[PDB]
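In the authors' numbering, the protein residues as written are 1 to 207.
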């Protein structure tokens with residue numbers, strides 16, 4: 001499958017793509033404002049994620065730091081990033097179908113649209129000003145709006161027992177972005193697409 005990753009933000013982001021134990025394609029790249037990066041993701045990939053990182057500094061060896069979404073200090077991510085990260089999530093060619101969603105379960109840093117570029121399903125978007133409206137206790141100094149599990153580490157926020165409900169914090173994310181997951185047991189906002197669809201992930205789709 002082809003993913004085109006587009007930075008429509010007015011600021012530079014460092015895109016990342018991983019399935020948790022390996023990079024997808026090159027795993028990461030700098031995207032200046034307006035730049036597009038096309039990657040190829042192998043059919044059958046389960047549990048892939050794409051996200052943006054902000055305020056990064058990398059040396060010549062591809063080693064450094066980012067203020068949101070850092071993946072162990074690497075430009076080319078092999079593992080998932082540090083919250084807060086708005087997440088594009090996908091599993092491809094699962095019994096004939098692709099499944100895509102946007103998630104705020106690990107917080108929010110950059111607004112995002114995640115849409116197919118082929119026929120057969122709709123896209124999803126979270127483009128509200130979650131950072132500007134972020135509750136005081138969830139604000140991340142480096143930028144972004146943390147999820148409550150990251151901040152407070154309780155069974156209820158992290159849904160550790162497999163029994164949890166919505167919370168004041170999850171309802172904040174859900175109010176602003178109804179089409180994204182706001183906590184682990186949220187009513188699913190997953191979209192089912194034809195197997196082997198292609199996609200575009202756009203950072204700052206409105207701005």
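Even for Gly, the Cβ is constructed at its ideal location relative to N, Cα and C.
Kindly list the residues whose CB is nearer than 6 Å to the CB of residue i, restricted to its own chain and excluding five residues on each side of it in sequence; keep chain order.
i           : result
residue 51  : 16, 69, 81, 85, 87
residue 149 : 157, 158
residue 200 : 4, 115, 117
residue 169 : 148
residue 12  : 32
residue 208 : Only positions 1 to 207 of the chain appear in this structure, which leaves residue 208 out of reach.
residue 96  : 195
So, helix, strand or coil for residue i, using DSSP?
i           : result
residue 27  : strand
residue 102 : strand
residue 150 : helix
residue 42  : coil
residue 64  : strand
residue 57  : strand
residue 156 : helix
residue 76  : coil
residue 115 : strand
residue 82  : coil
residue 95  : coil
residue 199 : strand
residue 175 : helix
residue 131 : helix
residue 36  : strand
Any idea if residue i is buried or exposed, counting beta-carbon neighbours within 10 angstroms, 16 or more meaning buried?
i           : result
residue 162 : exposed
residue 132 : exposed
residue 34  : exposed
residue 217 : The chain is shown from 1 up to 207; residue 217 falls before or after that span and cannot be answered.
residue 180 : buried
residue 61  : exposed
residue 10  : exposed
residue 19  : buried
residue 144 : buried
In the DSSP output, which residue or residues are listed as bridge partners for residue i?
i           : result
residue 89  : 49, 101
residue 17  : 50
residue 180 : 102
residue 164 : Paired residues: none, contrary to the question.
residue 189 : Beta-bridge pairing links residue 189 to no other residue.
residue 139 : 145
residue 2   : 40
Please list, in chain order, all residues of the same chain as residue i whose beta carbon is under 8 Å from its beta carbon, the five residues on each side excluded.
i           : result
residue 119 : 194
residue 191 : 99, 100, 101, 121, 122, 123, 124
residue 8   : 33, 34, 202, 203, 204, 205, 207
residue 167 : 148, 156, 157, 183
residue 23  : 17, 76, 77, 78
Hey, residue i and residue j: beta-carbon distance below 8 Å or not?
i           : j           : result
residue 26  : residue 79  : no
residue 66  : residue 55  : yes
residue 183 : residue 164 : yes
residue 109 : residue 177 : no
residue 93  : residue 135 : no
residue 48  : residue 63  : no
residue 127 : residue 206 : yes
residue 40  : residue 91  : no
Short of 7 Å in beta carbon distance, which residues of its chain neighbour residue i, apart from the five on each side in sequence? Order them along the chain.
i           : result
residue 37  : 5, 15, 29, 31
residue 146 : 83, 84, 107, 138, 140
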